Amino acid sequence: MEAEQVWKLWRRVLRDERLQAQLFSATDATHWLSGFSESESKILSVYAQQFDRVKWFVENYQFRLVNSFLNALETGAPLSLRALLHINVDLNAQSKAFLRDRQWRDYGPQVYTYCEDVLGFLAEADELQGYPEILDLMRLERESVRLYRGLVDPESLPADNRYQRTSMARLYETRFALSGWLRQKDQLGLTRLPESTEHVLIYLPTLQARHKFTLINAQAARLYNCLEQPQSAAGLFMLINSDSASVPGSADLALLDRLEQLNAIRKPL
Amino acid sequence: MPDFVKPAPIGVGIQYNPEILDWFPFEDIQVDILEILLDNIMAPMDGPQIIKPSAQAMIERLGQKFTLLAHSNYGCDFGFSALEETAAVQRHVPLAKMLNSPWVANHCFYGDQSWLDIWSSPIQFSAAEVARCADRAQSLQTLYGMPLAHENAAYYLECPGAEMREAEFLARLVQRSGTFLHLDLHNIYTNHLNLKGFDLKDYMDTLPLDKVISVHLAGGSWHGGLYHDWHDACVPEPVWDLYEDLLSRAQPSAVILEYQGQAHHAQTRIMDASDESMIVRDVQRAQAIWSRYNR
Ligand SMILES: [Fe+3]
Ligand SMILES: [Fe+3]
Ligand SMILES: [Fe+3]
């Protein structure tokens, strides 16, 4: 009985709750399905006695995973969590619903990957379809998760002759004026927001600090959206999407100076 | 550094598990040392950060006033995944180095790139698992740069395929790897009541007590027969007997007191906190016993 085989067995039992109904209800030797492999059934036959402890090893695994659904929310989307707790959603009823679709998956230390799948799951829940302002706030939080995850092993671009867009900052074009909730976090999910698009820039001051939110002009959003690929050897001023063929100063240069301070772009040094 | 030795006796301390709850009843200056759960302060592995930036300022406040120990939970140290891939070397090893911790404890379970599946799975007591886990513990200690102790575990069923007892397993494990031991006395007391034939006396005689670096004194409860090791009840007297008995046979380096999680810690538990002196009088008793056997 190798230790690696008794672990693979329980990893299969904890993720398949159909197998849990067979083991708990039927304690007789051959009543539990002999579809368990011959090597598996030998390990189950050791647990023939003290099956109550097995029913206690589960639930504990499920109670911890349901609570981990809240940690992944507090880690990746603390504002979305505070808004959802204010509108009184049964996150326990949603933790069980989300984990069952994933076969009770143990995300482990992959908390941002956990949170990104959680925010995508809640974006389709019928309970949240009536709160578009929170649905907008969750997408903003989902970009914060993609900011951290994009910095694990990013493509290191050397400083050269063209304006480069750094990976320590992302941009989100909102649907509502989410600044009202960011400036007044006591109103998270409680008050009402207008339907005016904003340009919030999720960025990081240092690589070992909490990410920040800040608003930029539509012009600054044009400077950032035209740097998807670093085609910017003075062509950035030519790249106003044919709306303008002008190369300006101060009007456009001061915006690029602020974007570098926010670690959003890299100037040609 | 090439081979680590037991640090000098450093004193008694508290676990510092309740972040907001324990600093308010902080008493005098006699604590000197507290523990730090490395899992609470670690940042996600799918991100670029090692420590939670909120916990970065808290460690600065306490690293100056008190010595802060390391504790490795949910680290997947003794799993089957590659050691380089585990959360131990990726987050827990730099965290203990960032904390300037003298040594680091580590629970004795199983973990493969997943947390919350660690508990209720003691390592298979077999010479095959002794050789495998000692190779990992000896290499993991090299990366820590500090002594690595293993906390004894309390459970309800030993892993299927056990070829020896827990005391023989831990003795053969630290002898081959050269690591140390972290003696949780309430886990020893729990295994005595809830396991068929757990010789409490043979367990103490079999362990290399000169490998015990740290000691843990905690208290759990049970009512009807279901769950235990809640880490909440007052330190029971049979555990106090082991604390006085251990200090007469070996010389540890520190002793910490575990207590409950602030919310639940199990499927059904309580969170009321009006018996703060129940902990203060426990730290007073364990601190006076240390001076009775003080070197
Ligand atoms: Fe522990
Ligand atoms: Fe302990
Ligand atoms: Fe314990």
# chains A, B, ... in the order shown; residues from 1 in each chain; ligands from 1
call {"tool": "closest_atom_pairs", "arguments": {"of": "chain B", "to": "chain A", "cutoff": "6 Å", "atoms": "only C-alpha atoms", "output": "tab-separated table"}}
result
residue	atom	partner	partner_atom	distance
B:44	CA	A:111	CA	5.4
B:45	CA	A:109	CA	5.7
B:46	CA	A:110	CA	5.5
B:47	CA	A:148	CA	5.0
B:48	CA	A:152	CA	4.9
B:49	CA	A:208	CA	5.7
B:53	CA	A:209	CA	5.2
B:114	CA	A:108	CA	4.0
B:115	CA	A:108	CA	4.8
B:161	CA	A:1	CA	5.5
call {"tool": "residues_near_ligand", "arguments": {"ligand": "ligand 1", "cutoff": "7 Å", "atoms": "only C-alpha atoms and all ligand atoms", "output": "PyMOL selection string"}}
result
chain B and resi 71+73+107+151
call {"tool": "write_last_selection", "arguments": {"atoms": "C-alpha atoms", "output": "short mmCIF file (atom, residue, chain, number, x, y, z; two decimals), in the first residue's frame"}}
result
data_model
loop_
_atom_site.label_atom_id
_atom_site.label_comp_id
_atom_site.auth_asym_id
_atom_site.auth_seq_id
_atom_site.Cartn_x
_atom_site.Cartn_y
_atom_site.Cartn_z
CA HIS B 71 5.27 28.01 11.76
CA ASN B 73 1.06 25.13 7.99
CA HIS B 107 3.34 20.09 10.70
CA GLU B 151 5.23 19.17 14.96
#
call {"tool": "residues_near_ligand", "arguments": {"ligand": "ligand 3", "cutoff": "7 Å", "atoms": "only C-alpha atoms and all ligand atoms", "output": "ChimeraX atom specification"}}
result
/B:154,184,186-187,218,229,231
call {"tool": "residues_around", "arguments": {"residues": "range 231-233 of chain A", "least_positions_apart": "3", "cutoff": "9 Å", "atoms": "only C-alpha atoms", "output": "PyMOL selection string"}}
result
chain A and resi 161-164+226-228+236-239+268
call {"tool": "residues_near_ligand", "arguments": {"ligand": "ligand 2", "cutoff": "12 Å", "atoms": "only C-alpha atoms and all ligand atoms", "output": "ChimeraX atom specification"}}
result
/B:14-15,17,35,37,71-73,105-108,149-154,181-188,214-220,229-231,255-260
call {"tool": "select_by_dssp", "arguments": {"residues": "range 28-221 of chain B", "states": "strand (DSSP E or B)", "output": "PDB file with N, CA and C atoms, in the first residue's frame"}}
result
ATOM      1  N   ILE B  33       8.908  36.620  23.265  1.00  0.00           N
ATOM      2  CA  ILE B  33       8.840  35.868  22.019  1.00  0.00           C
ATOM      3  C   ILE B  33       7.387  35.528  21.716  1.00  0.00           C
ATOM      4  N   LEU B  34       7.009  35.641  20.444  1.00  0.00           N
ATOM      5  CA  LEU B  34       5.705  35.198  19.975  1.00  0.00           C
ATOM      6  C   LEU B  34       5.881  34.439  18.668  1.00  0.00           C
ATOM      7  N   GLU B  35       4.865  33.663  18.310  1.00  0.00           N
ATOM      8  CA  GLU B  35       4.888  32.880  17.085  1.00  0.00           C
ATOM      9  C   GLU B  35       4.178  33.629  15.964  1.00  0.00           C
ATOM     10  N   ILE B  36       4.480  33.230  14.730  1.00  0.00           N
ATOM     11  CA  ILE B  36       3.880  33.829  13.542  1.00  0.00           C
ATOM     12  C   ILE B  36       3.516  32.706  12.583  1.00  0.00           C
ATOM     13  N   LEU B  37       2.226  32.561  12.291  1.00  0.00           N
ATOM     14  CA  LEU B  37       1.779  31.593  11.294  1.00  0.00           C
ATOM     15  C   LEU B  37       2.123  32.121   9.907  1.00  0.00           C
ATOM     16  N   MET B  42       1.348  35.079   4.060  1.00  0.00           N
ATOM     17  CA  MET B  42       1.857  34.788   2.729  1.00  0.00           C
ATOM     18  C   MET B  42       0.911  35.324   1.662  1.00  0.00           C
ATOM     19  N   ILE B  51       5.041  38.476   0.583  1.00  0.00           N
ATOM     20  CA  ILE B  51       4.285  38.704   1.807  1.00  0.00           C
ATOM     21  C   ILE B  51       3.127  39.643   1.495  1.00  0.00           C
ATOM     22  N   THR B  67      10.963  38.723  19.654  1.00  0.00           N
ATOM     23  CA  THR B  67      11.397  37.695  18.721  1.00  0.00           C
ATOM     24  C   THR B  67      10.178  36.944  18.202  1.00  0.00           C
ATOM     25  N   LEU B  68      10.152  36.693  16.898  1.00  0.00           N
ATOM     26  CA  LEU B  68       8.982  36.121  16.245  1.00  0.00           C
ATOM     27  C   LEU B  68       9.371  34.824  15.550  1.00  0.00           C
ATOM     28  N   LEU B  69       8.727  33.731  15.950  1.00  0.00           N
ATOM     29  CA  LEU B  69       8.998  32.405  15.418  1.00  0.00           C
ATOM     30  C   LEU B  69       8.194  32.158  14.145  1.00  0.00           C
ATOM     31  N   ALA B  70       8.579  31.109  13.425  1.00  0.00           N
ATOM     32  CA  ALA B  70       7.915  30.713  12.194  1.00  0.00           C
ATOM     33  C   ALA B  70       7.197  29.385  12.389  1.00  0.00           C
ATOM     34  N   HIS B  71       6.064  29.238  11.706  1.00  0.00           N
ATOM     35  CA  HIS B  71       5.273  28.013  11.755  1.00  0.00           C
ATOM     36  C   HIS B  71       4.747  27.727  10.359  1.00  0.00           C
ATOM     37  N   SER B  72       5.040  26.535   9.845  1.00  0.00           N
ATOM     38  CA  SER B  72       4.689  26.159   8.477  1.00  0.00           C
ATOM     39  C   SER B  72       3.449  25.271   8.512  1.00  0.00           C
ATOM     40  N   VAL B 104      12.070  27.231  12.418  1.00  0.00           N
ATOM     41  CA  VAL B 104      10.738  27.148  11.830  1.00  0.00           C
ATOM     42  C   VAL B 104      10.153  25.774  12.129  1.00  0.00           C
ATOM     43  N   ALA B 105       8.924  25.753  12.634  1.00  0.00           N
ATOM     44  CA  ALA B 105       8.198  24.513  12.848  1.00  0.00           C
ATOM     45  C   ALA B 105       7.450  24.121  11.576  1.00  0.00           C
ATOM     46  N   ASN B 106       7.003  22.869  11.534  1.00  0.00           N
ATOM     47  CA  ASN B 106       6.378  22.329  10.330  1.00  0.00           C
ATOM     48  C   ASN B 106       5.518  21.138  10.715  1.00  0.00           C
ATOM     49  N   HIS B 107       4.237  21.183  10.362  1.00  0.00           N
ATOM     50  CA  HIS B 107       3.339  20.091  10.698  1.00  0.00           C
ATOM     51  C   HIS B 107       3.647  18.858   9.851  1.00  0.00           C
ATOM     52  N   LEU B 148      14.939  23.074  11.442  1.00  0.00           N
ATOM     53  CA  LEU B 148      13.589  22.744  10.997  1.00  0.00           C
ATOM     54  C   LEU B 148      13.026  21.657  11.902  1.00  0.00           C
ATOM     55  N   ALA B 149      12.016  22.007  12.691  1.00  0.00           N
ATOM     56  CA  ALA B 149      11.354  21.069  13.583  1.00  0.00           C
ATOM     57  C   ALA B 149      10.038  20.597  12.975  1.00  0.00           C
ATOM     58  N   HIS B 150       9.611  19.408  13.395  1.00  0.00           N
ATOM     59  CA  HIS B 150       8.392  18.785  12.895  1.00  0.00           C
ATOM     60  C   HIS B 150       7.412  18.621  14.047  1.00  0.00           C
ATOM     61  N   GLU B 151       6.241  19.240  13.919  1.00  0.00           N
ATOM     62  CA  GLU B 151       5.227  19.174  14.962  1.00  0.00           C
ATOM     63  C   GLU B 151       4.467  17.857  14.874  1.00  0.00           C
ATOM     64  N   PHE B 180      14.869  18.401  13.481  1.00  0.00           N
ATOM     65  CA  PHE B 180      14.520  18.451  14.893  1.00  0.00           C
ATOM     66  C   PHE B 180      13.040  18.118  15.080  1.00  0.00           C
ATOM     67  N   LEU B 181      12.560  18.291  16.310  1.00  0.00           N
ATOM     68  CA  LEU B 181      11.205  17.917  16.685  1.00  0.00           C
ATOM     69  C   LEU B 181      10.510  19.077  17.380  1.00  0.00           C
ATOM     70  N   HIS B 182       9.211  19.208  17.124  1.00  0.00           N
ATOM     71  CA  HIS B 182       8.351  20.183  17.788  1.00  0.00           C
ATOM     72  C   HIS B 182       7.267  19.404  18.520  1.00  0.00           C
ATOM     73  N   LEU B 183       7.333  19.396  19.848  1.00  0.00           N
ATOM     74  CA  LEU B 183       6.496  18.516  20.656  1.00  0.00           C
ATOM     75  C   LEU B 183       5.226  19.254  21.068  1.00  0.00           C
ATOM     76  N   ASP B 184       4.102  18.883  20.458  1.00  0.00           N
ATOM     77  CA  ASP B 184       2.791  19.376  20.866  1.00  0.00           C
ATOM     78  C   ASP B 184       2.217  18.387  21.873  1.00  0.00           C
ATOM     79  N   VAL B 212      14.233  17.940  20.547  1.00  0.00           N
ATOM     80  CA  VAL B 212      13.045  18.768  20.725  1.00  0.00           C
ATOM     81  C   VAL B 212      13.494  20.216  20.896  1.00  0.00           C
ATOM     82  N   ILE B 213      13.161  21.060  19.925  1.00  0.00           N
ATOM     83  CA  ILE B 213      13.525  22.472  19.991  1.00  0.00           C
ATOM     84  C   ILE B 213      12.428  23.300  20.650  1.00  0.00           C
ATOM     85  N   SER B 214      11.172  23.074  20.276  1.00  0.00           N
ATOM     86  CA  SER B 214      10.061  23.861  20.785  1.00  0.00           C
ATOM     87  C   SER B 214       8.983  22.939  21.339  1.00  0.00           C
ATOM     88  N   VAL B 215       8.158  23.497  22.224  1.00  0.00           N
ATOM     89  CA  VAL B 215       7.072  22.774  22.872  1.00  0.00           C
ATOM     90  C   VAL B 215       5.787  23.569  22.684  1.00  0.00           C
ATOM     91  N   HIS B 216       4.665  22.856  22.591  1.00  0.00           N
ATOM     92  CA  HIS B 216       3.355  23.478  22.441  1.00  0.00           C
ATOM     93  C   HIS B 216       2.418  22.982  23.530  1.00  0.00           C
ATOM     94  N   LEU B 217       1.786  23.921  24.230  1.00  0.00           N
ATOM     95  CA  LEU B 217       0.823  23.625  25.284  1.00  0.00           C
ATOM     96  C   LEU B 217      -0.514  24.241  24.901  1.00  0.00           C
TER      97      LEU B 217
END
call {"tool": "residues_around", "arguments": {"residues": "residue 98 in chain B", "least_positions_apart": "6", "cutoff": "10 Å", "atoms": "only C-alpha atoms", "output": "list in words"}}
result
residues 50, 51, 56, 59 and 92 of chain B
call {"tool": "residues_around", "arguments": {"residues": "residue 199 in chain A", "least_positions_apart": "6", "cutoff": "12 Å", "atoms": "only C-alpha atoms", "output": "PyMOL selection string"}}
result
chain A and resi 140+170-179+213-225
call {"tool": "write_last_selection", "arguments": {"atoms": "N, CA, C and O atoms", "output": "JSON list (two decimals), in the first residue's frame"}}
result
[["chain", "number", "residue", "atom", "x", "y", "z"],
["A", 140, "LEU", "N", -14.06, 45.52, -12.51],
["A", 140, "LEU", "CA", -12.91, 46.33, -12.13],
["A", 140, "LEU", "C", -11.98, 45.55, -11.20],
["A", 140, "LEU", "O", -10.75, 45.60, -11.36],
["A", 170, "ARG", "N", -2.83, 48.38, -15.41],
["A", 170, "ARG", "CA", -3.88, 48.04, -16.36],
["A", 170, "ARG", "C", -4.92, 49.15, -16.37],
["A", 170, "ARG", "O", -4.97, 49.99, -15.47],
["A", 171, "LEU", "N", -5.75, 49.15, -17.41],
["A", 171, "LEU", "CA", -6.80, 50.14, -17.58],
["A", 171, "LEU", "C", -8.14, 49.44, -17.73],
["A", 171, "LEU", "O", -8.24, 48.40, -18.37],
["A", 172, "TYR", "N", -9.18, 50.03, -17.12],
["A", 172, "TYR", "CA", -10.53, 49.50, -17.20],
["A", 172, "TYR", "C", -11.49, 50.64, -17.52],
["A", 172, "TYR", "O", -11.60, 51.60, -16.74],
["A", 173, "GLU", "N", -12.19, 50.54, -18.65],
["A", 173, "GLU", "CA", -13.23, 51.49, -19.01],
["A", 173, "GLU", "C", -14.53, 51.04, -18.38],
["A", 173, "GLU", "O", -15.14, 50.06, -18.82],
["A", 174, "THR", "N", -14.97, 51.76, -17.35],
["A", 174, "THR", "CA", -16.14, 51.36, -16.59],
["A", 174, "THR", "C", -17.42, 51.64, -17.38],
["A", 174, "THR", "O", -17.41, 52.26, -18.44],
["A", 175, "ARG", "N", -18.53, 51.16, -16.83],
["A", 175, "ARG", "CA", -19.86, 51.50, -17.32],
["A", 175, "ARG", "C", -20.57, 52.51, -16.43],
["A", 175, "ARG", "O", -21.32, 53.35, -16.94],
["A", 176, "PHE", "N", -20.35, 52.45, -15.12],
["A", 176, "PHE", "CA", -20.87, 53.41, -14.17],
["A", 176, "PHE", "C", -19.74, 54.26, -13.61],
["A", 176, "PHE", "O", -18.56, 53.97, -13.79],
["A", 177, "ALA", "N", -20.13, 55.34, -12.92],
["A", 177, "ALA", "CA", -19.16, 56.23, -12.27],
["A", 177, "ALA", "C", -18.75, 55.59, -10.95],
["A", 177, "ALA", "O", -19.18, 55.98, -9.86],
["A", 178, "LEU", "N", -17.88, 54.58, -11.06],
["A", 178, "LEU", "CA", -17.45, 53.81, -9.90],
["A", 178, "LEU", "C", -16.63, 54.62, -8.91],
["A", 178, "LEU", "O", -16.37, 54.14, -7.80],
["A", 179, "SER", "N", -16.21, 55.84, -9.27],
["A", 179, "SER", "CA", -15.42, 56.66, -8.35],
["A", 179, "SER", "C", -16.22, 57.03, -7.11],
["A", 179, "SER", "O", -15.64, 57.27, -6.05],
["A", 213, "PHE", "N", -6.09, 52.48, -7.29],
["A", 213, "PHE", "CA", -6.99, 52.93, -8.34],
["A", 213, "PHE", "C", -6.82, 54.43, -8.54],
["A", 213, "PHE", "O", -6.65, 55.18, -7.57],
["A", 214, "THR", "N", -6.87, 54.87, -9.79],
["A", 214, "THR", "CA", -6.81, 56.29, -10.11],
["A", 214, "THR", "C", -7.49, 56.52, -11.45],
["A", 214, "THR", "O", -7.48, 55.64, -12.32],
["A", 215, "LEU", "N", -8.08, 57.70, -11.60],
["A", 215, "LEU", "CA", -8.80, 58.06, -12.81],
["A", 215, "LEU", "C", -7.91, 58.90, -13.72],
["A", 215, "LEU", "O", -7.13, 59.73, -13.24],
["A", 216, "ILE", "N", -8.03, 58.68, -15.03],
["A", 216, "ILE", "CA", -7.27, 59.41, -16.03],
["A", 216, "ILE", "C", -8.23, 59.96, -17.07],
["A", 216, "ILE", "O", -9.37, 59.50, -17.20],
["A", 217, "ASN", "N", -7.75, 60.94, -17.83],
["A", 217, "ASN", "CA", -8.57, 61.58, -18.85],
["A", 217, "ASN", "C", -8.87, 60.61, -19.99],
["A", 217, "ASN", "O", -8.22, 59.57, -20.14],
["A", 218, "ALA", "N", -9.87, 60.97, -20.80],
["A", 218, "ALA", "CA", -10.10, 60.24, -22.04],
["A", 218, "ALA", "C", -8.92, 60.40, -22.99],
["A", 218, "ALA", "O", -8.62, 59.49, -23.77],
["A", 219, "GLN", "N", -8.24, 61.55, -22.93],
["A", 219, "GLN", "CA", -7.01, 61.72, -23.69],
["A", 219, "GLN", "C", -5.92, 60.78, -23.18],
["A", 219, "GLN", "O", -5.22, 60.14, -23.97],
["A", 220, "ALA", "N", -5.77, 60.68, -21.86],
["A", 220, "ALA", "CA", -4.80, 59.74, -21.29],
["A", 220, "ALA", "C", -5.16, 58.30, -21.61],
["A", 220, "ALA", "O", -4.27, 57.46, -21.78],
["A", 221, "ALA", "N", -6.46, 58.00, -21.71],
["A", 221, "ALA", "CA", -6.87, 56.67, -22.14],
["A", 221, "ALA", "C", -6.56, 56.44, -23.61],
["A", 221, "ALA", "O", -6.28, 55.30, -24.02],
["A", 222, "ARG", "N", -6.61, 57.50, -24.42],
["A", 222, "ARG", "CA", -6.20, 57.37, -25.82],
["A", 222, "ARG", "C", -4.70, 57.14, -25.93],
["A", 222, "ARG", "O", -4.24, 56.38, -26.80],
["A", 223, "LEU", "N", -3.91, 57.79, -25.07],
["A", 223, "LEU", "CA", -2.47, 57.56, -25.08],
["A", 223, "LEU", "C", -2.12, 56.14, -24.65],
["A", 223, "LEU", "O", -1.14, 55.57, -25.14],
["A", 224, "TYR", "N", -2.91, 55.56, -23.74],
["A", 224, "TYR", "CA", -2.63, 54.21, -23.27],
["A", 224, "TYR", "C", -3.15, 53.15, -24.23],
["A", 224, "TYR", "O", -2.51, 52.12, -24.43],
["A", 225, "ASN", "N", -4.31, 53.39, -24.85],
["A", 225, "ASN", "CA", -4.88, 52.41, -25.77],
["A", 225, "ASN", "C", -4.14, 52.36, -27.09],
["A", 225, "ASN", "O", -4.21, 51.34, -27.79]]
call {"tool": "residues_around", "arguments": {"residues": "range 275-288 of chain B", "least_positions_apart": "2", "cutoff": "12 Å", "atoms": "only C-alpha atoms", "output": "CSV table (one decimal) with C-alpha atoms, in the first residue's frame"}}
result
chain,number,residue,atom,x,y,z
B,10,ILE,CA,14.8,31.6,24.6
B,11,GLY,CA,11.8,31.4,26.9
B,12,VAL,CA,8.0,31.1,26.8
B,13,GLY,CA,5.7,32.8,24.4
B,14,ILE,CA,2.2,32.9,22.9
B,15,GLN,CA,1.2,31.9,19.4
B,21,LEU,CA,-7.8,39.8,19.6
B,22,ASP,CA,-4.6,39.2,21.5
B,23,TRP,CA,-2.7,42.5,21.3
B,24,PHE,CA,-5.4,44.2,23.5
B,25,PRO,CA,-4.9,41.9,26.5
B,26,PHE,CA,-1.1,42.1,25.9
B,27,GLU,CA,0.5,42.0,29.3
B,28,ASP,CA,3.7,43.5,30.6
B,30,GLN,CA,7.5,39.0,29.9
B,31,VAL,CA,6.4,37.5,26.6
B,32,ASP,CA,9.6,38.4,24.7
B,215,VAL,CA,7.1,22.8,22.9
B,216,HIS,CA,3.4,23.5,22.4
B,217,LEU,CA,0.8,23.6,25.3
B,218,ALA,CA,-2.8,23.9,24.3
B,219,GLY,CA,-6.2,22.6,25.3
B,232,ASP,CA,-9.6,26.3,23.0
B,233,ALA,CA,-10.2,24.6,26.4
B,234,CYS,CA,-8.0,25.4,29.3
B,235,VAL,CA,-4.7,23.5,29.4
B,236,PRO,CA,-5.7,20.2,31.0
B,237,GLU,CA,-3.8,18.7,33.9
B,239,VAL,CA,-0.9,18.0,29.6
B,240,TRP,CA,0.6,19.9,32.5
B,241,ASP,CA,2.1,16.6,33.7
B,242,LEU,CA,3.9,16.2,30.4
B,243,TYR,CA,5.2,19.7,30.5
B,244,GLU,CA,6.8,19.2,33.9
B,247,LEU,CA,11.6,19.7,31.2
B,254,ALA,CA,11.1,27.7,23.6
B,255,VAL,CA,7.5,26.8,24.5
B,256,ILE,CA,4.3,28.4,22.9
B,257,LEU,CA,0.6,28.3,23.7
B,258,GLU,CA,-1.9,27.6,21.0
B,259,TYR,CA,-5.5,28.8,21.2
B,260,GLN,CA,-8.6,28.9,19.0
B,271,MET,CA,-16.2,32.6,19.6
B,272,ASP,CA,-17.0,34.4,22.8
B,273,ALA,CA,-14.0,35.9,24.5
B,290,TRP,CA,10.4,26.9,33.1
B,291,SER,CA,12.3,28.7,35.8
B,292,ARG,CA,12.0,25.6,38.1
B,293,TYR,CA,14.0,23.7,35.5
B,294,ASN,CA,16.0,26.7,34.2
call {"tool": "select_by_dssp", "arguments": {"residues": "range 100-261 of chain A", "states": "alpha helix (DSSP H)", "output": "PyMOL selection string"}}
result
chain A and resi 100-101+111-122+132-149+179-183+218-225+235-238+253-261
call {"tool": "residues_around", "arguments": {"residues": "residue 155 in chain A", "least_positions_apart": "6", "cutoff": "12 Å", "atoms": "only C-alpha atoms", "output": "ChimeraX atom specification"}}
result
/A:165-168
call {"tool": "write_last_selection", "arguments": {"atoms": "N, CA and C atoms", "output": "mmCIF file, in the first residue's frame"}}
result
data_model
loop_
_atom_site.group_PDB
_atom_site.id
_atom_site.type_symbol
_atom_site.label_atom_id
_atom_site.label_comp_id
_atom_site.auth_asym_id
_atom_site.auth_seq_id
_atom_site.Cartn_x
_atom_site.Cartn_y
_atom_site.Cartn_z
ATOM 1 N N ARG A 165 4.460 50.035 -23.011
ATOM 2 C CA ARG A 165 3.431 49.927 -21.985
ATOM 3 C C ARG A 165 3.855 48.875 -20.967
ATOM 4 N N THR A 166 4.034 49.297 -19.718
ATOM 5 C CA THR A 166 4.499 48.388 -18.683
ATOM 6 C C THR A 166 3.394 47.416 -18.276
ATOM 7 N N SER A 167 3.803 46.350 -17.592
ATOM 8 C CA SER A 167 2.884 45.341 -17.087
ATOM 9 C C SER A 167 2.506 45.564 -15.629
ATOM 10 N N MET A 168 2.968 46.656 -15.019
ATOM 11 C CA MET A 168 2.619 46.998 -13.648
ATOM 12 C C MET A 168 1.407 47.918 -13.564
#
